[PDB]
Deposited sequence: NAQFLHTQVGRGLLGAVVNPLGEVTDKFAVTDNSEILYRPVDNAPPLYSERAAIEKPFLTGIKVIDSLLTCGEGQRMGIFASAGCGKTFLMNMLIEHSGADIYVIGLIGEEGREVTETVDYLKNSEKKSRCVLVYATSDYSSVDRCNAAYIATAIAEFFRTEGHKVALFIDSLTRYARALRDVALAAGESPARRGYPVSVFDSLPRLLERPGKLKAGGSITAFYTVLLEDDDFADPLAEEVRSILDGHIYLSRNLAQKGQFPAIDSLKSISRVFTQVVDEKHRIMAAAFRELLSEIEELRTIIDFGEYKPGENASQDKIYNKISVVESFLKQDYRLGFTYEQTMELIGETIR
């Protein structure tokens, strides 16, 4: 009900009891304070309107699904669509002040995969990991989300630009449903948990990414109406070699037009229509109706398939600045 916070947790691996059990980085600071894991969300008068972009360094996101500082973004995918690998990119290529990762419960060794990555990450001294594994009880798996959120909330109060990762909301809901078997329902602690991120007028911001495991869950329909948008990673795009396997046409950022300017909006609108006509031509090709020289309009969209796919794909080890992204999407568009 109370947990450790502070800069002394940077580089530490904390378990569902709030105790540091491992370290992926050692830092000068030893600041350790104590705050409750349950605290009230900011009143509407304390939240600032989302108006500044949270750049991720990922071309498809920053151009067509631009995030904002304080936004809550869902990541919907069926295992395995590289949802952990996209989060690694989001940590590695963004420019947040502090990253807080909460792994809700797994078998066990996947947690070590993340601590092994963090041990070799360039963001090691700006990261805190909270975990809960399948051995831990359903109450402990729930507390992992609140500890990760409370740790992120302290850094926001200090004025930091914080990025929070909860993986996953799916398995949090599993444990949360298990707790319900044991005015207030257990079930409705889910929306209160996701209401805490945001940019505060008197402090920093918490940009939160929640993962949802798919195989069209009822929970997916519940959470997608709560968040400020969602990123959909298509099974099919993954098997055809497109990484990140993000389907831009079924993903949205509801703060998109508040966080990008007008020439960006125009280029994104022109690119979305190009993508839609590309997908519409694919089905014509599979139907065996496409013949070169038949339709000059179809021929032009066909000759842009390669330039569009090259813009969409991205090496997981490479990040792009916003200027580079808008420069590349313009060459794809004209």
Note to self, deposited ranges with zero CA coordinates are 1-4, 187-196, 230-233
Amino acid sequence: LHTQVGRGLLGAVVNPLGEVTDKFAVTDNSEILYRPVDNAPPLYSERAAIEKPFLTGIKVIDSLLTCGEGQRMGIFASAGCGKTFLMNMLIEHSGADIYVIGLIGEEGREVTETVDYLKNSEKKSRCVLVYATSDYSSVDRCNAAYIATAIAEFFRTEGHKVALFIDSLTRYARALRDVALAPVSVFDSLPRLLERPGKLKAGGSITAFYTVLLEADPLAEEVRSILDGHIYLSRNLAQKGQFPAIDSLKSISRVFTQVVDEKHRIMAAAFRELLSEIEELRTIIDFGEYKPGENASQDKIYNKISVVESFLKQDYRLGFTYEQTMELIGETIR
From here on, numbers count along this sequence of modelled residues.
When mean C-alpha B-factors in the record are compared for 171-179 and 121-129, the larger belongs to 171-179
Ranked by mean Cα B-factor in the entry, 283-291 and 56-64, top stretch is 283-291
Looking only at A150, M73, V186, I98, the Cα with the top B-factor belongs to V186
Per the deposited B-factor column, the C-alpha that peaks among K201, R156, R224, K250 belongs to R224
Binned into thirds over the chain's modelled residues, the C-alpha B-factor of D261 lands in the middle
Binned into thirds over the chain's modelled residues, the C-alpha B-factor of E215 lands in the highest
Chain thirds by Cα B factor, record data; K83 belongs to the highest
Among the modelled residues of its chain, the C-alpha B-factor of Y232 falls in the third labelled highest
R109: C-alpha B-factor third of its chain, per the entry, is the highest
